[PDB]
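Inspection log for the structure reproduced underneath, given as structure tokens.
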Amino acid sequence: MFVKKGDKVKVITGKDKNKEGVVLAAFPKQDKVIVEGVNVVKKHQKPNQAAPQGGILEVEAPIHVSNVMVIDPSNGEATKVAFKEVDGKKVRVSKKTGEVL
RNA sequence: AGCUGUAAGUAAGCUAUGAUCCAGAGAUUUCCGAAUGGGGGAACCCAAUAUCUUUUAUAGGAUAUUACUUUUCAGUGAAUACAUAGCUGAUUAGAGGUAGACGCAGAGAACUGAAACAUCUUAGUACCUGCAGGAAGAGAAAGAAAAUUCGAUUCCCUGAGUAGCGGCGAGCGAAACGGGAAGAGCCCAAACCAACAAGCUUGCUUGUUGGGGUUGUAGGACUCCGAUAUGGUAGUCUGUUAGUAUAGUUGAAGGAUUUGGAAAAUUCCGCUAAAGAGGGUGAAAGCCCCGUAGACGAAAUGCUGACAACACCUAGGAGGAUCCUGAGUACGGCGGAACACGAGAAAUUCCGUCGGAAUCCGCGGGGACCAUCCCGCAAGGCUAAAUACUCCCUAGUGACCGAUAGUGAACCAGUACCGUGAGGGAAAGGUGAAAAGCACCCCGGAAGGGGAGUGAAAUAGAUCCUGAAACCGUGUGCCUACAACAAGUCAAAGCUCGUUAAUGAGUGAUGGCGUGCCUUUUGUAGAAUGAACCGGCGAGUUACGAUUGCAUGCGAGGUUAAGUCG
RNA sequence: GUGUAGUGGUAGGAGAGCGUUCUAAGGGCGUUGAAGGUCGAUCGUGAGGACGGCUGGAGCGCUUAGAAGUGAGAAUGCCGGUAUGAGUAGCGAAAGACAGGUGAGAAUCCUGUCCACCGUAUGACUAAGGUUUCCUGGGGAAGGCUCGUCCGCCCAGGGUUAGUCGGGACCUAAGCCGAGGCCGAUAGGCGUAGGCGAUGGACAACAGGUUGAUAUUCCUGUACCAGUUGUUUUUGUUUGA
RNA sequence: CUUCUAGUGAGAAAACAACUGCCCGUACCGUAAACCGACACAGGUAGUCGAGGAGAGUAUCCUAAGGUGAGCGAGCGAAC
RNA sequence: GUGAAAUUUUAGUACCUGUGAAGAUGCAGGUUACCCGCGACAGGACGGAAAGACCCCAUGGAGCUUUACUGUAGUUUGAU
């Protein structure tokens, strides 16, 4: 998975190159994860309890993890995350000159 | 680090004090069902006895036990005295299922071939029933042989389509030798020796224990001396270790440009590999993701080794006076079966009935029977491996299928449905990358539709990828109301066009000529026979033998098989 | 080159070729559009092959060799779809008319009036058998031999009360099962004791009212059967209790 | 069920009062559109009740209580 | 208003005397005939439904008879 709920992210593929954001929800069990301002979709909502009207809304849609990097925050780039045996947990450890997340 | 199945939704919550999830050990398990207290139309009803409960008590509630048969033991018992049925109580084990497979037996067909059919074959097969095991059955020579011998059993190659059998017809069909896989041998009865019991014949007979002994070069008992060792295991659920099966952990290297909605595509310039097998991501990735090559890992449970400890088993030499060496057995007649062998000149092996041997100077066999010779010792048991199968689990592979194929069944299928019953048995997969699954207006009761929107694409709108043919429609360029047309082809005026650019395309007034297609038949338009039309499936193949042509490698030579490493 | 010669044909023999799927190596094409579909006035002696226009949107060609579930117009073939007959035959015995409702819509639904049919039954109660069809409120896509606002249809909610009634906690007939037992290649066959088995025997409740649906069940009133407790009246278990 | 003895074997009758009484079936159709016949079918379905006038009568004709008007019609008024 | 069926090689489906597998809508030579329907009849399409029930064959079946062949359940007789 290598991606948690709150974890900034770069997008590599799919009409949102280079655009970053914050992961909101994590769906493992189908490998989908939704971010902010990357997958805007227009929903023809019908008049409902919520939103008595029927506006055209704009929310985000899931993206497959093969389109998502992780972030440095110590530095600010993308790292093909590796794992290290730091003290008795496995804290993710960046590649590309040794960061610690 | 998210979670409360399929499955949208809302309400309720859980979770870094480590959920949900994975793996190993445990706990609870309603009612029927061999069904087992009795009864029964299965998933129901009604009991007995003890203990404890609710109400003043009656009814009500829960717990435990109570079937049949046999194997051991007590008691009771009595036609009949003594004790034997019997009864009572306690105790031991059984009883049903199947993996539609493999094994061993009991019982056991017809169509079919013989161009008919009686002996024969199809066949000791199909089906029924009993009895098991992870394998079973066979197994330690009364053998095979025939000089010169070999020494348990099973399985495979070759012997060989040979010797044989057969209304000598259709057909059935071995075995030893030789080459290989795996190897392995043990335990009793008897004669004798002791202790206990009985008849104590007080003769020594019976019995039970324990000891002694297991064979063809005949062995043992029995007598006499040595030793009292030396080698073994096909036993333990006893420990100690090592490995492995069931959850896992780690795991290398990329950017930019052009087309796109989206790059893994294209063009530059880089990097990694004990890792270029595979699967996935908005099209086709060695460098995004899951992985692969490597390296590490078990608290619990199971298996397999190894060595410990315990259990069990096993001794020489010499003598030959007497004793032992499996009885209604071997074998004979009779009637049937089994051996390739159908009574045949018929040995060998079984079954039913009757007759009935010897005891080592003895017995069986060498395909009727006799003689010499040679090889063995039946009428008592046990025994791993090499062999056959796959309901099930794990990991893989395929010049195997791709929704009329492949299982009957890719989907909630042995279901829907049919038959009282046993039983018979279908059709049905595909939106897009992501539901973003069409807010809002308009006609319309609704269904349905038209704009506007989502979308790269709505002729991808839920009957949802592509979307052929029969069949049903709309528009139009050319012809048709004096005409007898297997429906065409050859000839041809006019009218409208303008192509893969060439002695062009469409239609067609009028003339010439002309009795469909298939099969079967001496002969077809036949009034002989088949097709309603379109689509899909739907027929000389494979294994083992034999023979001839072509070709290739060696040639008076050719050539391996089973089997072992791979 | 050039001469000579031959070239109908069923059963059948011989020879050479076209095309489909897959495997192997080499070389290729593809979002700047592959397979598949449609149209075209093109090429070779044949089976057959190219090229271009439109649709369509993810994989396929070419060469050499190999292996086959390799070629379809007929089996009164098998499966699906659609025709002809044809808007034809039929619409499954029996009498309706009007007014007003209801509603987008009416001969076919509701209401009213007159008429008419059966009446040892086309009326009332029960045993089988069916298995929620019963009642209340909604709906009109499919069933209804037409129509349909309606329904035995679809959706949602809700209805079946027992000491006395029928059966069990009672008895047995035909029949069946049958501890022991008697027979039989296995399987099993038959049967004693004992049981199971209503169509039969035996046995304690009547009238009226109540709902949208239940009524010897609910309610009212008057009873009955068999038992249990509490104060209310005769003693040797011998048995005169 | 009624009796009689063999029989284990305090002292039970009846006052009245007050209580206890288990499981299963109960809707609906039932000479029918709800069962048996593939059907909303001119067939089949055991038992009880089953009225009036005449009339021997459950026969026949019209009728009471009670139920039904049947699931395609409107025209014309030829052959057959 | 609703709405089938058996059948069906494609059909622009005339009459006579011939001819022919020996009785023709379709061949030959002649005669009659404008195109499309609607209600009736049943001469023909060797008309439709049942791959002849009559007859022969298959070295085909099945059921039955007997002094056809071969056997056998059953009844009886003798030895043991």
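Residue numbering restarts at 1 for every chain of the structure tokens, chains are lettered A, B, ... in their displayed order, and ligands are numbered from 1 as they appear.
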Worksheet item: If we count only C-alpha atoms (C1' of nucleotides), what is near residue 147 of chain C at a cut-off of 10 Å, once residues fewer than 6 positions away on the same chain are taken out, given as a list in words?
Response: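 Counting only the stated atoms, we get residues 106, 107 and 108 of chain C; 71 and 72 of chain D; 1 of chain E.
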Discussion item. Report as a VMD selection string all protein, DNA and RNA residues lying within 10 Å of residue 460 of chain B, evaluated on only C-alpha atoms (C1' of nucleotides), omitting residues in the same chain fewer than 2 positions from it.
Written reply: chain B and resid 431 to 432 457 to 458 464 to 465
Could the residues in this selection be written to a file with C-alpha atoms (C1' of nucleotides), as a PDB file, in the first residue's frame?
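Once written, part_18.pdb looks like this:
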ATOM      1  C1'   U B 431     -22.138  -0.409 -21.152  1.00  0.00           C
ATOM      2  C1'   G B 432     -17.414   3.149 -20.368  1.00  0.00           C
ATOM      3  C1'   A B 457     -17.422   8.437 -28.665  1.00  0.00           C
ATOM      4  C1'   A B 458     -24.991   8.268 -26.321  1.00  0.00           C
ATOM      5  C1'   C B 464     -26.772  -1.269 -23.051  1.00  0.00           C
ATOM      6  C1'   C B 465     -18.898  -3.754 -27.633  1.00  0.00           C
TER       7        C B 465
END
Worksheet entry | Nearest candidate to residue 70 of chain A (options B:288, B:221, B:145, B:192; using only C-alpha atoms (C1' of nucleotides)) |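 Looking at the shortest contact to residue 70 of chain A, the residue is B:288.
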Practice prompt. Extract, using only C-alpha atoms (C1' of nucleotides), all DNA, RNA and protein residues at most 12 Å from segment 36-40 of chain E, discarding same-chain residues fewer than 3 positions from it, and format them as an NGL selection string.
Written response: (:B and (481)) or (:D and (78-80))
Worksheet entry | DSSP strand (DSSP E or B) residues within chain A, listed as number ranges by chain | A: 8-11, 20-22, 25-27, 32-34, 40-44, 56-60, 63-64, 68, 71, 78, 82-83, 92-93, 100
Selected residues, N, CA, C and O atoms, written as a compact mmCIF listing (two decimals), in the first residue's frame, please.
# COMPACT_ATOMS: atom_id res chain seq x y z
N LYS A 8 0.70 13.57 1.87
CA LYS A 8 0.78 14.29 0.61
C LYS A 8 1.40 13.41 -0.47
O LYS A 8 2.10 12.44 -0.19
N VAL A 9 1.13 13.75 -1.72
CA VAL A 9 1.30 12.82 -2.81
C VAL A 9 1.50 13.59 -4.10
O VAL A 9 0.85 14.61 -4.33
N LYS A 10 2.39 13.10 -4.96
CA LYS A 10 2.47 13.58 -6.33
C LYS A 10 1.75 12.60 -7.24
O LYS A 10 1.76 11.39 -7.01
N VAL A 11 1.11 13.13 -8.28
CA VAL A 11 0.42 12.34 -9.28
C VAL A 11 1.27 12.28 -10.54
O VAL A 11 1.68 13.32 -11.07
N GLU A 20 -0.35 17.89 -6.99
CA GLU A 20 -0.20 17.22 -5.72
C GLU A 20 -1.45 17.40 -4.88
O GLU A 20 -2.44 17.99 -5.33
N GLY A 21 -1.42 16.90 -3.66
CA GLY A 21 -2.54 17.08 -2.77
C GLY A 21 -2.43 16.20 -1.54
O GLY A 21 -1.37 15.67 -1.23
N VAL A 22 -3.56 16.07 -0.85
CA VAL A 22 -3.67 15.32 0.39
C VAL A 22 -4.64 14.17 0.18
O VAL A 22 -5.77 14.38 -0.27
N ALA A 25 -9.44 9.65 1.57
CA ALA A 25 -9.91 8.34 1.97
C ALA A 25 -9.07 7.27 1.30
O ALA A 25 -8.57 7.45 0.19
N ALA A 26 -8.93 6.15 1.99
CA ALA A 26 -8.12 5.04 1.52
C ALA A 26 -9.02 3.82 1.37
O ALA A 26 -9.62 3.36 2.34
N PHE A 27 -9.12 3.31 0.15
CA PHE A 27 -9.82 2.06 -0.09
C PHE A 27 -8.78 1.03 -0.50
O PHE A 27 -8.44 0.91 -1.68
N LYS A 32 -7.87 1.65 -4.36
CA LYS A 32 -8.32 2.96 -4.80
C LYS A 32 -8.14 3.95 -3.67
O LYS A 32 -8.40 3.64 -2.51
N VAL A 33 -7.67 5.14 -4.02
CA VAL A 33 -7.40 6.19 -3.04
C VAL A 33 -7.71 7.53 -3.67
O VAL A 33 -7.31 7.80 -4.81
N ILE A 34 -8.44 8.38 -2.94
CA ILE A 34 -8.97 9.63 -3.47
C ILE A 34 -8.22 10.79 -2.84
O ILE A 34 -7.92 10.78 -1.64
N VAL A 40 -12.05 15.79 -10.19
CA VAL A 40 -13.35 16.44 -10.14
C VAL A 40 -14.31 15.78 -11.11
O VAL A 40 -13.98 15.54 -12.27
N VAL A 41 -15.51 15.49 -10.63
CA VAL A 41 -16.55 14.84 -11.42
C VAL A 41 -17.87 15.54 -11.14
O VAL A 41 -18.13 15.96 -10.01
N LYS A 42 -18.70 15.66 -12.17
CA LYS A 42 -19.97 16.39 -12.08
C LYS A 42 -21.14 15.43 -11.93
O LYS A 42 -21.41 14.63 -12.83
N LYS A 43 -21.84 15.52 -10.80
CA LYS A 43 -22.94 14.62 -10.47
C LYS A 43 -24.27 15.34 -10.64
O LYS A 43 -24.54 16.31 -9.94
N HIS A 44 -25.10 14.82 -11.54
CA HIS A 44 -26.45 15.34 -11.70
C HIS A 44 -27.32 14.91 -10.54
O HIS A 44 -28.15 14.01 -10.69
N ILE A 56 -25.75 20.58 -10.03
CA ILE A 56 -24.64 19.81 -10.57
C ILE A 56 -23.46 19.98 -9.61
O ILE A 56 -22.85 21.05 -9.55
N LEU A 57 -23.15 18.93 -8.87
CA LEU A 57 -22.10 18.98 -7.86
C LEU A 57 -20.76 18.57 -8.46
O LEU A 57 -20.67 18.11 -9.60
N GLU A 58 -19.71 18.75 -7.66
CA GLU A 58 -18.35 18.45 -8.09
C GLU A 58 -17.59 17.81 -6.95
O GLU A 58 -17.22 18.48 -5.98
N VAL A 59 -17.35 16.51 -7.05
CA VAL A 59 -16.58 15.78 -6.06
C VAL A 59 -15.45 15.06 -6.78
O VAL A 59 -15.30 15.19 -8.00
N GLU A 60 -14.65 14.30 -6.04
CA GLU A 60 -13.50 13.60 -6.59
C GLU A 60 -13.78 12.11 -6.69
O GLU A 60 -14.64 11.57 -6.00
N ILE A 63 -8.55 6.95 -7.74
CA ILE A 63 -7.45 6.71 -8.66
C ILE A 63 -6.68 5.49 -8.20
O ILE A 63 -6.53 5.25 -6.99
N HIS A 64 -6.17 4.74 -9.15
CA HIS A 64 -5.42 3.53 -8.84
C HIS A 64 -4.02 3.90 -8.38
O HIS A 64 -3.36 4.77 -8.96
N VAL A 68 0.28 7.27 -8.19
CA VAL A 68 0.45 8.06 -6.99
C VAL A 68 1.83 7.79 -6.41
O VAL A 68 2.18 6.63 -6.16
N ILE A 71 5.58 11.59 -0.67
CA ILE A 71 6.27 12.86 -0.51
C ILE A 71 7.20 12.80 0.69
O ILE A 71 6.94 12.11 1.68
N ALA A 78 9.64 13.14 -4.78
CA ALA A 78 9.02 11.82 -4.83
C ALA A 78 10.06 10.72 -4.67
O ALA A 78 11.13 10.77 -5.29
N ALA A 82 11.25 2.73 0.13
CA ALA A 82 11.79 1.47 0.62
C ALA A 82 11.53 1.37 2.12
O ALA A 82 11.05 2.31 2.75
N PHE A 83 11.86 0.22 2.69
CA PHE A 83 11.60 -0.04 4.10
C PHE A 83 12.91 -0.34 4.80
O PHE A 83 13.77 -1.02 4.25
N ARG A 92 8.60 3.98 7.20
CA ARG A 92 8.98 4.10 5.80
C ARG A 92 10.24 4.95 5.69
O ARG A 92 10.41 5.93 6.42
N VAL A 93 11.12 4.57 4.77
CA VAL A 93 12.37 5.27 4.58
C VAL A 93 12.54 5.55 3.10
O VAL A 93 12.53 4.63 2.29
N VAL A 100 13.63 10.11 5.91
CA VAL A 100 12.89 9.33 6.89
C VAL A 100 11.52 9.96 7.08
O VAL A 100 11.41 11.11 7.50
Item to complete: Name the residues in contact with residue 29 of chain C at a cut-off of 9 Å, using only C-alpha atoms (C1' of nucleotides), excluding same-chain residues fewer than 2 positions from it; report them as a list in words.
Response: residues 34, 60 and 61 of chain C
Discussion item. What are the residues of chain B lining chain A at 7 Å or less? Count only C-alpha atoms (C1' of nucleotides), and put the answer as a list in words.
Written reply: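 Here is what falls inside 7 Å: residues 262, 281, 282, 288, 289, 436 and 439 of chain B.
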Please produce an output containing N, CA, C and O atoms (P, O5', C5', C4', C3', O3' and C1' of nucleotides) for each residue in the selection, written as a PDB file, in the first residue's frame.
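Saved the output as result-v6.pdb:
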ATOM      1  P     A B 262      -4.608  13.774 -22.956  1.00  0.00           P
ATOM      2  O5'   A B 262      -4.546  12.357 -22.237  1.00  0.00           O
ATOM      3  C5'   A B 262      -4.617  12.279 -20.825  1.00  0.00           C
ATOM      4  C4'   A B 262      -4.911  10.882 -20.337  1.00  0.00           C
ATOM      5  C3'   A B 262      -3.757   9.913 -20.359  1.00  0.00           C
ATOM      6  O3'   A B 262      -2.852  10.132 -19.298  1.00  0.00           O
ATOM      7  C1'   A B 262      -5.698   8.843 -21.156  1.00  0.00           C
ATOM      8  P     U B 281      -6.120  -3.419 -15.342  1.00  0.00           P
ATOM      9  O5'   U B 281      -5.256  -2.155 -14.904  1.00  0.00           O
ATOM     10  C5'   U B 281      -5.579  -1.428 -13.730  1.00  0.00           C
ATOM     11  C4'   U B 281      -4.651  -0.260 -13.513  1.00  0.00           C
ATOM     12  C3'   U B 281      -4.722   0.855 -14.538  1.00  0.00           C
ATOM     13  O3'   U B 281      -5.791   1.743 -14.252  1.00  0.00           O
ATOM     14  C1'   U B 281      -2.463   0.331 -14.040  1.00  0.00           C
ATOM     15  P     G B 282      -5.849   3.245 -14.823  1.00  0.00           P
ATOM     16  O5'   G B 282      -5.650   3.082 -16.386  1.00  0.00           O
ATOM     17  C5'   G B 282      -6.603   2.350 -17.140  1.00  0.00           C
ATOM     18  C4'   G B 282      -7.100   3.122 -18.328  1.00  0.00           C
ATOM     19  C3'   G B 282      -6.048   3.440 -19.382  1.00  0.00           C
ATOM     20  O3'   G B 282      -6.638   3.339 -20.671  1.00  0.00           O
ATOM     21  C1'   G B 282      -7.024   5.442 -18.594  1.00  0.00           C
ATOM     22  P     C B 288       9.904   3.008 -12.423  1.00  0.00           P
ATOM     23  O5'   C B 288       8.425   2.984 -11.840  1.00  0.00           O
ATOM     24  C5'   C B 288       8.106   3.666 -10.641  1.00  0.00           C
ATOM     25  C4'   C B 288       6.637   3.564 -10.321  1.00  0.00           C
ATOM     26  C3'   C B 288       6.213   2.344  -9.530  1.00  0.00           C
ATOM     27  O3'   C B 288       6.403   2.547  -8.143  1.00  0.00           O
ATOM     28  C1'   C B 288       4.725   2.697 -11.344  1.00  0.00           C
ATOM     29  P     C B 289       6.609   1.317  -7.137  1.00  0.00           P
ATOM     30  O5'   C B 289       5.280   0.464  -7.287  1.00  0.00           O
ATOM     31  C5'   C B 289       4.107   0.843  -6.592  1.00  0.00           C
ATOM     32  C4'   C B 289       3.013  -0.177  -6.758  1.00  0.00           C
ATOM     33  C3'   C B 289       3.365  -1.600  -6.381  1.00  0.00           C
ATOM     34  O3'   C B 289       3.244  -1.815  -4.992  1.00  0.00           O
ATOM     35  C1'   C B 289       2.191  -1.564  -8.434  1.00  0.00           C
ATOM     36  P     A B 436     -21.515   7.584  -9.274  1.00  0.00           P
ATOM     37  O5'   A B 436     -20.791   8.564 -10.290  1.00  0.00           O
ATOM     38  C5'   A B 436     -21.404   8.822 -11.534  1.00  0.00           C
ATOM     39  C4'   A B 436     -20.907  10.068 -12.202  1.00  0.00           C
ATOM     40  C3'   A B 436     -21.759  10.505 -13.377  1.00  0.00           C
ATOM     41  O3'   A B 436     -22.888  11.254 -12.979  1.00  0.00           O
ATOM     42  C1'   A B 436     -19.506  10.480 -14.026  1.00  0.00           C
ATOM     43  P     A B 439     -32.206  13.843 -14.841  1.00  0.00           P
ATOM     44  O5'   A B 439     -32.174  15.195 -14.003  1.00  0.00           O
ATOM     45  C5'   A B 439     -31.940  15.175 -12.605  1.00  0.00           C
ATOM     46  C4'   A B 439     -31.419  16.497 -12.103  1.00  0.00           C
ATOM     47  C3'   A B 439     -32.313  17.701 -12.309  1.00  0.00           C
ATOM     48  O3'   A B 439     -33.332  17.790 -11.335  1.00  0.00           O
ATOM     49  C1'   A B 439     -30.088  18.251 -12.874  1.00  0.00           C
TER      50        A B 439
END
Worksheet item: Got a sec: who's within 12 Å of segment 30-42 of chain D, counting only C-alpha atoms (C1' of nucleotides), leaving out chain neighbours fewer than 4 positions off, as a ChimeraX atom specification?
Response: /B:418 /C:92-94,121-122,125-134,143-145,151-152 /D:70-71
Would you output that residue set with C-alpha atoms (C1' of nucleotides), as a PDB file, in the first residue's frame?
ATOM      1  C1'   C B 418     -42.411 -33.006 -16.717  1.00  0.00           C
TER       2        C B 418
ATOM      3  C1'   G C  92     -65.872 -22.196 -25.195  1.00  0.00           C
ATOM      4  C1'   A C  93     -74.449 -23.079 -24.398  1.00  0.00           C
ATOM      5  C1'   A C  94     -78.382 -19.044 -20.847  1.00  0.00           C
ATOM      6  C1'   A C 121     -81.279 -26.439  -6.789  1.00  0.00           C
ATOM      7  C1'   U C 122     -77.537 -22.182 -10.160  1.00  0.00           C
ATOM      8  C1'   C C 125     -73.805 -26.782   6.316  1.00  0.00           C
ATOM      9  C1'   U C 126     -69.883 -30.157   6.135  1.00  0.00           C
ATOM     10  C1'   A C 127     -65.540 -34.601   4.592  1.00  0.00           C
ATOM     11  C1'   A C 128     -61.713 -34.945   1.533  1.00  0.00           C
ATOM     12  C1'   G C 129     -58.358 -31.914  -1.796  1.00  0.00           C
ATOM     13  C1'   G C 130     -56.051 -27.187  -2.591  1.00  0.00           C
ATOM     14  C1'   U C 131     -52.421 -24.204   0.504  1.00  0.00           C
ATOM     15  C1'   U C 132     -53.072 -17.469   2.036  1.00  0.00           C
ATOM     16  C1'   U C 133     -56.508 -17.389  -2.953  1.00  0.00           C
ATOM     17  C1'   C C 134     -59.595 -14.463   3.271  1.00  0.00           C
ATOM     18  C1'   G C 143     -52.397 -12.922 -17.120  1.00  0.00           C
ATOM     19  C1'   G C 144     -58.335 -11.772 -18.196  1.00  0.00           C
ATOM     20  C1'   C C 145     -59.937 -15.500 -25.318  1.00  0.00           C
ATOM     21  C1'   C C 151     -60.085  -9.123 -10.261  1.00  0.00           C
ATOM     22  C1'   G C 152     -59.075 -15.452  -7.404  1.00  0.00           C
TER      23        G C 152
ATOM     24  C1'   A D  70     -72.005 -16.208 -17.654  1.00  0.00           C
ATOM     25  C1'   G D  71     -66.263 -12.092 -19.742  1.00  0.00           C
TER      26        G D  71
END
Discussion item. For a test of reading the model, state the distance in Å between atom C1' of residue 156 of chain C and atom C1' of residue 9 of chain B, rounded to one decimal.
Written reply: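 If I compute the distance from atom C1' of residue 156 of chain C to atom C1' of residue 9 of chain B, I get 20.0 Å.
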Item to complete: Name the residues in contact with residue 294 of chain B at a cut-off of 12 Å, using only C-alpha atoms (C1' of nucleotides), excluding same-chain residues fewer than 3 positions from it; report them as a list in words.
Response: residues 250, 251, 252, 274 and 275 of chain B
Practice prompt. Name the residues in contact with segment 231-237 of chain B at a cut-off of 12 Å, using only C-alpha atoms (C1' of nucleotides), excluding same-chain residues fewer than 2 positions from it; report them as a ChimeraX atom specification.
Written response: /B:184-186,229,239,309-315,382-384
Worksheet item: atom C1' of residue 466 of chain B to atom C1' of residue 56 of chain C: how many Å, to one decimal?
Response: 6.6 Å
